[PDB]
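Beneath this line is the structure, given in structure tokens, with notes to follow.
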Amino acid sequence: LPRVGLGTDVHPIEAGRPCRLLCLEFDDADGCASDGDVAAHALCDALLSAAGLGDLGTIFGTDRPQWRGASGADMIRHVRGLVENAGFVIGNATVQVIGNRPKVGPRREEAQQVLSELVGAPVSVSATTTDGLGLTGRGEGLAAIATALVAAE
Amino acid sequence: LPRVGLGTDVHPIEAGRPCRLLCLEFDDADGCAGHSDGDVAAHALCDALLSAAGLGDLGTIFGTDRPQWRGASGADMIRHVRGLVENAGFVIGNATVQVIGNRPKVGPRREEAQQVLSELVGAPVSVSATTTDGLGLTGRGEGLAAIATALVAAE
Amino acid sequence: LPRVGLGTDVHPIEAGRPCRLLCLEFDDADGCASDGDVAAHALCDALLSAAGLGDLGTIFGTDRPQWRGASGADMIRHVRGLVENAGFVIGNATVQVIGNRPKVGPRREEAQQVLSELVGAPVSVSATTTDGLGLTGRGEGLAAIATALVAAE
Ligand SMILES: Nc1ccn([C@@H]2O[C@H](COP(=O)(O)OP(=O)(O)O)[C@@H](O)[C@H]2O)c(=O)n1
Ligand SMILES: Nc1ccn([C@@H]2O[C@H](COP(=O)(O)OP(=O)(O)O)[C@@H](O)[C@H]2O)c(=O)n1
Ligand SMILES: Nc1ccn([C@@H]2O[C@H](COP(=O)(O)OP(=O)(O)O)[C@@H](O)[C@H]2O)c(=O)n1
Ligand SMILES: C=C(C)CCOP(=O)(O)OP(=O)(O)O
Ligand SMILES: [Zn+2]
Ligand SMILES: [Zn+2]
Ligand SMILES: [Zn+2]
């Protein structure tokens, strides 16, 4: 049987930080307190759970010198290698961004292309607001939830 | 290899609005805000199917406040998304949705909800519900949330 | 085709209450207000939804005498049985804990062992914080979210 995984991530928006999201950089928005890319983090966690390999802390720890400066793209590439070396093929992954700004839509196809090449399987990208409700609706943070489907050789 | 997708949606409760939820009409309840009928479970399901199939999200398909989709039922939206999914070459295997909120109570109409949604999706749809125990974005009867998954396969 | 399901759950944290989480005891932190095992509940809901069998309310009712005070392990044991009886084989399941305390990392592999034995299939365990934001970030509550994959026969 194929195996399913899921990951979520939430970070505060940091005013004046460059907006790194979905392995893109967005003009006219602020990023999150790596580069704070909530979508990349959720995707790593979905892939790692699908394959039984733990989560971000398990594999990256905190302030390890070998991960200094590394982006969401660097993390995804590394997670992809771990999943493949554990004997899995990646079927697909999806990620939904939850928050107000930036608007993901105008660059949604570009994100899908960037992320599908990082993962080596089709990655679906979507977005929603919460219509003013909760930490995301208040513009306090950005959230993402991701799924992945892998299968053992 | 089959493909999995996920969708979530959140709306505030709007006083006096008819409660359209899970493609059912719940009397004795409001009533989510939106350009649509505010069916949070239908929107989440549409998102889950569109994402499993790599076809975008609601904004991709229905746009913003388009005259053609005003007051559009969740049923309209699901039937439209089912056709897009099948035209793109996929068979829908199953889908699931969990409603997160205090009112209405889904339990009494859960089996009916699954019946309606399975007909519209063309595959078995699981329905569940949870409250928040008085906590968070929807812990007050402030709003309703839904989270949905879907599984599709070529060809 | 195999079938996917998802489950979420949120409980308030209560001072003094024993922390039963992921079918372990963290004799350590608070402490949710059955035994408040948010992760066991989410997992049950994911399995039931994949199999098309309802949710916790469907199956344990409300204040049913025979399930009054059923632990998380009791619940998953029964859910596993319902799923197999409906003619399904469980492929895998995953659960992410969302909250500040306890720290799941040091006992993550133990939780995976315990839960995999109870489900009869590989259970992935992970954890995240919300970096100070929302009900879990303020320490008012603990949440979990879980997926499951099952197949007929
Ligand atoms: N950060 C965001 C939020 C929404 N959107 C888009 O805007 C449309 C409307 O979003 P919404 O705020 O109604 O989200 P929901 O609460 O209806 O699910 C979505 O379907 C997406 O296409 C986006 O591109 N980026
Ligand atoms: N809007 C809602 C919310 C919950 N429920 C029911 O409440 C049951 C348990 O959710 P809850 O939050 O009320 O109770 P626990 O999650 O604390 O066990 C669910 O399995 C549903 O059967 C419902 O029917 N309609
Ligand atoms: N209650 C918790 C929360 C997080 N953790 C661990 O803390 C690490 C850091 O989580 P985080 O605060 O960066 O959460 P994210 O929003 O980045 O996903 C996680 O990868 C887990 O290994 C834990 O062990 N127990
Ligand atoms: C959509 C997500 C990620 C949850 C936000 O809700 P909150 O947990 O912030 O709810 P509040 O108590 O802050 O209103
Ligand atoms: Zn993160
Ligand atoms: Zn909506
Ligand atoms: Zn519970």
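Residue numbering restarts at 1 in every chain; chains get A, B, ... in the order shown in the structure tokens, and ligands count up from 1 in that same order.
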Please identify every residue of chain C that has at least one atom no more than 10 Å from any atom of chain B, counting only C-alpha atoms, and report them as a count of residues only.
34
Pull the helix (DSSP H, G or I) assignments for segment 1-81 of chain B out of DSSP run on the backbone, and list those residues as a PyMOL selection string.
chain B and resi 40-52+58-62+67-69+74-81
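Note that DSSP on the backbone gives strand (DSSP E) to these residues of segment 27-117 of chain C: residues 88, 89, 90, 91, 92, 93, 94, 95, 96, 97 and 98 of chain C.
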Would you mind exporting the chosen residues as a CSV table (one decimal), in the first residue's frame, restricted to N, CA and C atoms?
chain,number,residue,atom,x,y,z
C,88,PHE,N,-11.6,-3.7,5.9
C,88,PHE,CA,-10.5,-2.9,5.5
C,88,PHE,C,-9.2,-3.3,6.2
C,89,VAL,N,-8.1,-3.2,5.5
C,89,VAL,CA,-6.8,-3.4,6.0
C,89,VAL,C,-6.2,-1.9,6.3
C,90,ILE,N,-5.6,-1.7,7.4
C,90,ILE,CA,-5.0,-0.4,7.7
C,90,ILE,C,-3.6,-0.3,7.1
C,91,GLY,N,-3.3,0.6,6.2
C,91,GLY,CA,-2.0,0.8,5.6
C,91,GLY,C,-1.0,1.6,6.6
C,92,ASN,N,-1.4,2.8,6.9
C,92,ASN,CA,-0.6,3.6,7.8
C,92,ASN,C,-1.4,4.7,8.4
C,93,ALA,N,-0.9,5.3,9.5
C,93,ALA,CA,-1.6,6.5,10.0
C,93,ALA,C,-0.5,7.5,10.5
C,94,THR,N,-0.8,8.7,10.6
C,94,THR,CA,0.1,9.7,11.1
C,94,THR,C,-0.6,10.7,12.0
C,95,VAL,N,0.1,11.2,13.0
C,95,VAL,CA,-0.5,12.2,13.9
C,95,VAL,C,0.5,13.3,14.2
C,96,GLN,N,0.1,14.6,14.1
C,96,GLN,CA,0.9,15.7,14.5
C,96,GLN,C,0.3,16.4,15.8
C,97,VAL,N,1.0,16.4,16.8
C,97,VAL,CA,0.6,17.2,18.0
C,97,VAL,C,1.0,18.7,17.8
C,98,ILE,N,0.0,19.6,18.2
C,98,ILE,CA,0.2,21.0,18.0
C,98,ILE,C,0.1,21.7,19.4
Could the residues that lie within 9 Å of ligand 1, counting only C-alpha atoms and all ligand atoms, be listed as number ranges by chain?
A: 97-108, 126-131, 142; B: 7-11, 34-35, 38, 40, 43-44, 47, 56-64, 145
